[PDB]
Number of protein chains: 6
Amino acid sequence: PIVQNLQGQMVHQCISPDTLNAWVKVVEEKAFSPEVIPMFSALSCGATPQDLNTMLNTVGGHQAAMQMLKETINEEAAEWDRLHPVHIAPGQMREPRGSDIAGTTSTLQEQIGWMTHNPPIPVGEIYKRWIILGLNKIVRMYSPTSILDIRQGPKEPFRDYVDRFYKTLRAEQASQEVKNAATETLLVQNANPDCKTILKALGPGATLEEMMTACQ
Amino acid sequence: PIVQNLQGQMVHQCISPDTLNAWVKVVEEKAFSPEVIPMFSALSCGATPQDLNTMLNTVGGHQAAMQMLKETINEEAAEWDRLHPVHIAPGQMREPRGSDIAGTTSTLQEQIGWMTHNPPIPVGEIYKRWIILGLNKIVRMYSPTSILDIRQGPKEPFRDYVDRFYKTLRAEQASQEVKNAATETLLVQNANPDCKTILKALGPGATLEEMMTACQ
Amino acid sequence: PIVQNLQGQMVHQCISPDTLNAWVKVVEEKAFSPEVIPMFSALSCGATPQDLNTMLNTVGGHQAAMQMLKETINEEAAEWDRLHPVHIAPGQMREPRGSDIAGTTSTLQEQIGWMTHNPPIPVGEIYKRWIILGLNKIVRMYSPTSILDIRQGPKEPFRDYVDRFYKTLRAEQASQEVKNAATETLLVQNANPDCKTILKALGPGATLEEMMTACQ
Amino acid sequence: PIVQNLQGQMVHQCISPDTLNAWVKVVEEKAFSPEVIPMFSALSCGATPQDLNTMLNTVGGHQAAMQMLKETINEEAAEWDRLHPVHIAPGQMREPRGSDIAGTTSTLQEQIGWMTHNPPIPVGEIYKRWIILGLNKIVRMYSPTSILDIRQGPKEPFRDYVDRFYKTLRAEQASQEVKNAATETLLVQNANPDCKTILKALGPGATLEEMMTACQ
Amino acid sequence: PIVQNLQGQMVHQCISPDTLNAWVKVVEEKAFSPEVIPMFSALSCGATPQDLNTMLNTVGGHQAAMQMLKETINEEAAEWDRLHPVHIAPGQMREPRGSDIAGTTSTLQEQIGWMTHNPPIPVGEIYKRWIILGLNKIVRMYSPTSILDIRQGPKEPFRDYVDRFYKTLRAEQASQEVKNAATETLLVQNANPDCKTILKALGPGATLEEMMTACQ
Amino acid sequence: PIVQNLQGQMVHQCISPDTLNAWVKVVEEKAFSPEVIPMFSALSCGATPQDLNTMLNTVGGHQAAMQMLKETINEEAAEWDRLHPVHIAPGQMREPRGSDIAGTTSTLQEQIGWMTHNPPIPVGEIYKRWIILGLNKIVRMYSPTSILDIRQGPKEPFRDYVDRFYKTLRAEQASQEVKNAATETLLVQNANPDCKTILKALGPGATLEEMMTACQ
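Quick look at the structure, then.

Conventions adopted
Residues numbered from 1 in each chain as written, not as in the entry; some residues may be left out. Chains lettered and ligands numbered in written order. Heavy atoms only, no water. Helix = DSSP H or I, 4+ residues; strand = E, 2+ residues; numbered from the N terminus. Rg over C-alpha atoms; globule rule 2.2 N^0.38 Å. Buried < 20%, exposed > 50% of the residue type's maximum accessible area, 1.4 Å probe, protein only. Areas by Shrake-Rupley, 256 points an atom, 1.4 Å probe, with all protein chains shown as cover. Contact = heavy atoms within 4.5 Å. Least-squares fit on C-alpha atoms. Buried area = accessible area lost by both parts, 1.4 Å probe. Salt bridge = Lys/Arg side-chain N within 4 Å of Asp/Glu carboxyl O. Polar contact = N/O pair within 3.5 Å; in protein donor to acceptor, adjacent residues only side chain to side chain. Nonpolar A, V, L, I, M, F, W, Y, C, P; charged D, E, K, R; others polar. Expected span 1.5 Å × (residues − 1). Arc of directions from axis to C-beta. Core = buried A, V, L, I, M, F, W, Y, C linked by side-chain atoms within 4.5 Å. 1 Å grid on protein atoms, 1.4 Å probe; cavity = no way out; pocket = protein on both sides within 12 Å on 5 of 7 lines; lining within 4 Å. Points joined across faces, edges and corners; volume = space filled by probe spheres on them. Axes fitted to C-alpha atoms, helices over the stretch in contact; angles between N-to-C directions. Parallel < 35°, antiparallel > 145°, perpendicular 65-115°, else oblique. Left-handed = near helix turned anticlockwise from the far one by under 90°. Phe/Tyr/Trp six-rings, centres within 6.5 Å; stacked < 30°, edge-to-face > 60°. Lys NZ or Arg CZ within 6 Å of the ring centre and 35° of its normal. Disulfide = S-S within 2.5 Å. Patch = residues over 30% accessible without salt bridge, like charges linked within 9 Å, V, L, I, M, F, W, Y side chains within 5 Å. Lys, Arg positive; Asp, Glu negative; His and termini not counted. Charge placed at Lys NZ, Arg CZ, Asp CG, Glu CD.

Moving on, we come to the overall build of chain A. Counting its regular elements, chain A contains 12 helices and 2 strands. Scaling as 2.2 N^0.38, a compact globule of 216 residues should have a C-alpha radius of gyration of about 17 Å, whereas chain A reaches 23 Å, well beyond that. When its C-alpha atoms are laid out on the principal axes, chain A stretches across 75 × 35 × 35 Å. Looking at chain A residue by residue over its 216 residues, the buried ones come to 49%. When the accessible surface of chain A is split by element, carbon and sulfur atoms take 54% of a total near 10400 Å².

Here you go:
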């Protein structure tokens, strides 16, 4: 990645063995559970396009997902090229094309040049945005359950049902507003008869905390 | 997080793989036992709002708790906006709204600008305060036992009973004064007959050490 | 903690995930065996009062011990206040009270101010002293055996008996002089008949090495 | 490897125990699965020829593969010598031959001299290129299955078949274009009758995402 | 320990959690096998007397050995005091007594003052010398076997016998010269009849390599 | 070891706990398999003679091998003394004898003086050369199989036979030329009848890759 040294300068630093192993192990253990995306984003802080490709390429399994990710990257690259056409002056910085942002046709030195320019052309952040769009699509595709099928069991603690409900909603990746709206609507409808009766009596505008206390 | 470099300057540094893994594993192993809060606070030393969201977002389970935390954050954000209304000068620092402190509508660069300003607007510390308020509520909600049900078993060593008593009191999160007051009151009443007789004979003003020695 | 940077300046540094985990695991594995105290002291080198509270607060179990520690800290704080009364000048350093040394009513910045002052008011070292006094009391309380009950078994190797003897003496925390004096007195009396006869024949002034060789 | 210090200078640094262990363990666990190549490239960032030989020499097993790699390196070295003949001025930098790039007849100091020259003669990057050519050949040789034998089982989830298909294609190392072309051709032909009927109905130009959704 | 910073200055640095854990685990796993001494010496590189006491005090078991070590330290301290009598000028460095070198009556700051003086009074190196003398005595005491009882079994590979022979000799801690002399004398006499006949035929001046090849 | 700091100066640095543990564990797990030598060389990058002795002395087992290594070191030391006789000027650097290079009669400060001199007298690199000569002899001695006994089993995959063949050749440590020559000679002769017939038909000058493909 590109980090700050002590004369305040932005310099390249090798991706660390700790970072590499952390990402490989997170994919092995969590596959494409939603929390893998924020872990990817944190582990790739300051990454060049080369670093991002390294992280993705070091994944051994899940090649269906990785092929879908390549399709998404290429689509985002194509839209980049449409909005930002390109074309060389001796010793001058050229403009990155989509494939340069994705690190396929650009060199590490070109990537460092763009990222450390004034003003910086943040090819790492742009590429990471495309990758996260792709991973989100994979997370949704690999979501095992529809929120419509998350219903509280007759003897299931309300807390465990709510955990399942919002876990599913996260993989299904509804908005943060919908997740705030299902509290008074779908969460109540999918509760079991005993808790539903209690939740109905709480009235409108009950917080999640109040609902969970009531059915505790 | 934001740390000091060697020309004494406050600079951004990537959240480390060690920090990320430590938090994920602490939640997996301890869930919302009370000691998780001071671990969270220590692991997030110097954190930006982005770093705090990373830590919370990397948690895979417990989505009922994480949704309750979002509600608490939004409430604290709303109170921030009520006390601190907002509203742009070219190239000047704008004032953070509640959602900016929570890192949802602010960029990393804006967060760094506020935290490293003179005087600093410590959006990381403000947001961490809101998160800890939320986690405390979760710790209390997930406390499995009332202190009224912690009673010494007929053959239970007094030390083991006291461990259970103050463990429960901590999750129930009574004040630090009440924890000092239950020593002469509820701790004695919930002891078994044999130790209670001994504790009654010690008289008023006995320290916890003296009570534990007496019933040892 | 507070450490030295390269322009020779004393600066604050975040407590590391390694340090935090090491302490948590040492308590989990060793509880309050005597060797935990020197480990605590080493892991808290340079600690602020905040860091010391973090270490103590991250302990999940043993809440009877942690409550006893709080009592000891409050007693030491009260004695501090009696010897050092307090009381504000704009922008000037105030004097720490007992609760400020214990980090309950002082901020991190105040703690850094005191510790890095010229001359420094070492609130971290003062607080650590109080904590160690408390931990010592806990180690003694949780010592499972009196030295009077450590007696060599008829077939127990002398080395194993001596290990048990000085292990118990350490938890019972006799002086370093008494530990040097029991060599010729209690260690011999509690040996088994066969070794005792040999030890009696060595005469006065025998070293531990000589006694262990003789009964080997 | 060669890294940047703080006066901006390119200096040699010892290969770290973390790097050494990571590579040894990656070979032990993954053998020559395709993802081992990008891990090798990332772990050898900035490596001198000495460092590259260290990494290869620390591998204990797989000596058939390592002997094949030596053959490939020697072939690339021979082509280097053909394109770049060589031949000494007192205290002047000599030109590297193939065996010097491979680190067999060059010293560490000569390697540092070339890599840190202005302009740099990047013997580490040149040698790494030769090694990766060799590893690719090994990955292909050790690929256990032809893509022609990857056919969806009657009850095999389409996702699992696609994982196997592109995993095999990766080891077989078809182009990135062919991997984009097999989506509409071989992937459909090797699907089971039920999914094939669905995929045929999607029509031409279907994305991998659309095909996987259709057969989900 | 005391280490060099970048303005070339000798400064104190906290003992690291890695160092602390490494020593504790080496004692737990190896007890007082001879190789523990060089590990102790390496882990305590640059240590102050405080650091050395920390390492010794963090050991939980083996209190018979640790008490013997204290006796040896006190003996060496007494000899120090006899050779180097002591006795204060305001703000001047006093001379260390034996107990100051052992870190019992000296402060960390006094220790740093002596170690970083010009010329340095290396109290850490002096104390480490005393500790190693004590550990050597313990290693010898805890040596389980006399070299006289190491005899090659009728079917024992010569290599395994030689491993046992020099392992025992190391714990018994004969000189490095004796270990070179037993090659032609005791090593042959304690071999089994079949190898002894072969070794006798090699003649005088045979190297260990030649003896091991002959009986292989 | 001796490393570069930031004013470009060669300074001593303590051997790290990571390095120490890595070497100890490599010997425990791999004994004297050939790949242990390049691991030793990499882990001892920049080592002083003291560091090299530390690494060798921390090995607990294999004392027959370590005694053979001492013999080899002494032989190389004797040859050093024969080629480089020695013999003192006040405050001047003396010339190292064989035992000084091996770190037995030299101090750390003398070692640092020689290694950081201009021009440097690289006692660490010279001593490491002697140690590697000794380890190579041990690797050969402990090689369990002659290459003459590595023959392909009737049903053994050719790849597995070639792995065994070059693994044995490596321990037997034939030249790198012989390893290139056995490809067309001994590798074919020791193959099983079925593969041998195929290999004979390939003709002269077949590469290892071609032979392995043919018998795959």
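The structure having been displayed, the exposition proceeds.
A few words now on the environment of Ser41(B). Residues and elements named next belong to chain B. Structurally, the position occupied by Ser-41 is in helix 2 (residues 36-43). Taking the C-alpha atoms as reference points, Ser-41 and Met-66, 25 residues apart in sequence, are found 17 Å from one another. When sequence neighbours within four positions are dropped, the list of residues in contact with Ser-41 reads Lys-128 and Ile-132.

Mapping chain A onto chain B is achieved by rotating through 60° and translating by 0.0 Å along the same axis, at an RMSD of 0.0 Å. One copy is carried onto the other by what is essentially a six-fold rotation axis. Of every C-alpha in chain A, the one belonging to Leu6(A) sits nearest the axis of rotation, 6.6 Å from it. Mapped onto chain B, only 7% of the interface residues of chain A again fall at the interface, so the copies present different surfaces.

Right, let's talk about the interface of chain A and chain B for a bit. Residue-level contacts link 27 residues of chain A with 30 residues of chain B. Overall, the association of chain A and chain B removes approximately 2400 Å² of surface from exposure, summing both partners, and the carbon and sulfur fraction of that is 58%. For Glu209(A), the salt bridge identified is with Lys137(B), shortest N-O distance 3.7 Å. Put simply, chain A and chain B have 6 residue pairs in polar contact between them.

Turning our eyes to something else, we now look at the interface of chain E and chain C. On the side of chain C, 27 residues touch chain E, which itself brings 30 residues to the contact. With both chains or domains summed, chain E and chain C bury close to 2400 Å², and 58% of this area falls on carbon and sulfur atoms. Contact with chain C buries area across many residues of chain E, yet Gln63(E), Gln67(E) and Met141(E) alone supply 22% of it, more than any other trio. Summed over the shared surface of chain E and chain C, the result is 1 salt bridge. Elements represented by at least two residues in the side of chain E that touches chain C include exactly strand 2 (10-12), helix 1 (17-30), helix 3 (49-57), helix 4 (63-83) and helix 7 (123-141) of chain E. No other element matches the 8 residues that helix 4 of chain E contributes to the side of chain E that touches chain C. In terms of residue class, the side of chain E that touches chain C is built from 13 nonpolar, 11 polar and 6 charged.

Moving on, we get to helix 1 (residues 17-30) of chain D. Side chains that are three or four residues apart share a direction in an α-helix, a result of its 3.6 residues per turn. Over its 14 residues, helix 1 of chain D extends 20 Å from the first C-alpha to the last, a length consistent with the 20 Å expected when each residue adds 1.5 Å. Every buried residue of helix 1 of chain D is accounted for by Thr19(D), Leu20(D), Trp23(D), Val24(D), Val26(D) and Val27(D). What you see down the axis of helix 1 of chain D is that its buried residues fit within an arc of 155°, all on one side. Looking at the packing, one finds that the buried side of helix 1 of chain D touches helix 1 (17-30) of chain A, helix 2 (36-43) and helix 3 (49-57) of chain D together with helix 2 (36-43) of chain F. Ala31(D), located one to two residues past helix 1 of chain D, shows a positive phi value of around 50°.

By size, the foremost hydrophobic cluster in this structure holds 368 residues, and its most contacted members are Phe158(A), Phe158(B), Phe158(C), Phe158(D), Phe158(E) and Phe158(F). Per-element tally for this core: the top contributor is helix 7 (residues 123-141) of chain D, with 10 residues.

Here the second largest pocket defines a volume of roughly 440 Å³. The residue inventory of the lining of the second largest pocket, partitioned by class, reads 6 nonpolar, 6 polar and no charged.

Now for the relation of the copies chain E and chain C. Both copies of the chain are related by a screw-like operation: a rotation about an axis and a shift along it. Superposition of chain E onto chain C requires a rotation of 60° combined with a translation of 0.0 Å along the rotation axis, giving an RMSD of 0.0 Å. A share of only 7% of the interface residues of chain E reappears at the interface of chain C, consistent with the copies meeting through non-equivalent patches.

The subject of this paragraph is unusual backbone geometry. Residue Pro119(B) is reached from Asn118(B) by a cis peptide bond, and omega for that bond is 0°. Within the element layout of this structure, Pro119(B) appears in the loop between helix 6 (108-115) and helix 7 (123-141). Of note, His87(A) is a non-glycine position whose phi angle comes to about 75°, a positive value. Of note, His87(A) is situated in the loop between helix 4 (63-83) and helix 5 (98-101). For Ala31(E), which is not a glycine, the phi torsion comes out positive at approximately 50°. Within the element layout of this structure, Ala31(E) appears in the loop between helix 1 and helix 2 (36-43).

On to the packing of helix 4 (residues 63-83) of chain D against helix 7 of chain D. Residue and element names in this part refer to chain D. Interhelical geometry of helix 4 versus helix 7 gives an angle of 135° and a closest axis separation of 9 Å. Relative to helix 7, helix 4 is oriented oblique. The way helix 4 lies across helix 7 gives a crossing that is right-handed. Contacts from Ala-65, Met-68, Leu-69, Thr-72, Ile-73, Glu-75, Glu-76, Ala-77 and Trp-80 in helix 4 reach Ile-126, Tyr-127, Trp-130, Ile-131, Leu-133, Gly-134, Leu-135, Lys-137, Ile-138 and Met-141 in helix 7. When the residues that make up the contact of helix 4 with helix 7 are grouped by side-chain class, the tally is 14 nonpolar, 2 polar and 3 charged.

What follows concerns the environment of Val162(E). Relative to the assigned elements, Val162(E) resides in helix 8 (residues 158-172). Placed 18 residues apart in sequence, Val162(E) and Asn180(E) show a C-alpha to C-alpha distance of 13 Å.

On to the packing of aromatic side chains, then. For any pair of aromatic rings, the description rests on two quantities: the centre-to-centre distance and the angle between the ring planes. In the structure shown here, the tally under the stated rule is 36 aromatic pairs over all chains. When the centroid spacing of 5.7 Å and the interplanar angle of 75° are considered together, the rings of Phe32(C) and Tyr142(C) count as edge-to-face. Through successive ring pairs, a cluster of aromatic residues spans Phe158(A), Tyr161(A), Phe165(A) and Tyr166(A). Sitting above the plane of the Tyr142(C) ring, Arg159(B) keeps its charged end 3.9 Å from the centroid.

Turning to helix 11 (residues 193-202) of chain B, a few remarks are in order. Residue and element names in this part refer to chain B. Where helix 11 is concerned, the buried positions are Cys-195, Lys-196 and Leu-199. Here the buried residues of helix 11 occupy an arc of 100° about the axis, which is enough to place them on one side. Helix 11 presents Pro-193, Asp-194, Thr-197, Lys-200 and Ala-201 as exposed residues on the side facing more than 90 degrees away from its buried surface. Lining the buried residues of helix 11 we find helix 8 (158-172), helix 10 (186-189) and helix 12 (208-214).

Right, let's talk about the arrangement of the chains for a bit. One thing to see here is that chain A and chain C don't touch, and their nearest C-alpha atoms sit 11 Å from each other. A minimum C-alpha distance of 11 Å separates chain B and chain D, which share no contact.

A separate point is the state of the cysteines. Evaluation of the coordinates by the stated rule reveals 0 disulfides over all chains. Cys45(D) carries a free sulfur, and the closest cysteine sulfur to it, the one in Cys14(A), is 3.1 Å from it. Residue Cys45(D) is classed as partly exposed on the basis of its relative accessible area, which comes to 22%.

Taken together, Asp18(A), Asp18(B), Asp18(C), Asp18(D), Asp18(E) and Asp18(F) make up a surface patch of like negative charges. For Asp18(E), a relative accessible area of 41% translates into the label partly exposed.

Another aspect to go through is the packing of helix 2 of chain E against helix 7 of chain E. Two quantities define a packed helix pair, namely the angle between the axes and the distance from one axis to the other. Residue and element names in this part refer to chain E. Where helix 2 meets helix 7, the axes come as close as 10 Å, and the angle between the chain directions of the two elements is 160°. With respect to helix 7, the element helix 2 is oriented roughly antiparallel. The two elements helix 2 and helix 7 meet at a crossing, and its hand is right-handed. Of helix 7, the residues touching helix 2 (which contributes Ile-37, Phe-40 and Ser-41) are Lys-128, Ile-131, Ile-132, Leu-135, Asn-136 and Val-139. Looking at side-chain class alone, the contact of helix 2 with helix 7 contains 6 nonpolar, 2 polar and 1 charged residues.

This part takes up the environment of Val3(F). Residues and elements named next belong to chain F. Within the element layout of this structure, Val-3 appears in strand 1 (residues 2-4). With 10 residues separating them in the primary sequence, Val-3 and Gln-13 have C-alpha atoms 6.8 Å apart. For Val-3, the residues in contact, after removing those within four places along its chain, are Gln-9, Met-10, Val-11 and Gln-13.

Let us look at the side chain of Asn190(E). Residues and elements named next belong to chain E. In this structure, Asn-190 sits in the loop between helix 10 (186-189) and helix 11 (193-202). Within polar-contact distance, the side chain of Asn-190 engages the backbone oxygen of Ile-147 at 3.4 Å. A polar side-chain atom of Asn-190 sits 2.8 Å from the main-chain carbonyl oxygen of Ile-150. If near-sequence neighbours (up to four positions away) are discounted, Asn-190 is found in contact with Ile-147, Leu-148, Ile-150, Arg-151, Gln-152, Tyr-161 and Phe-165.

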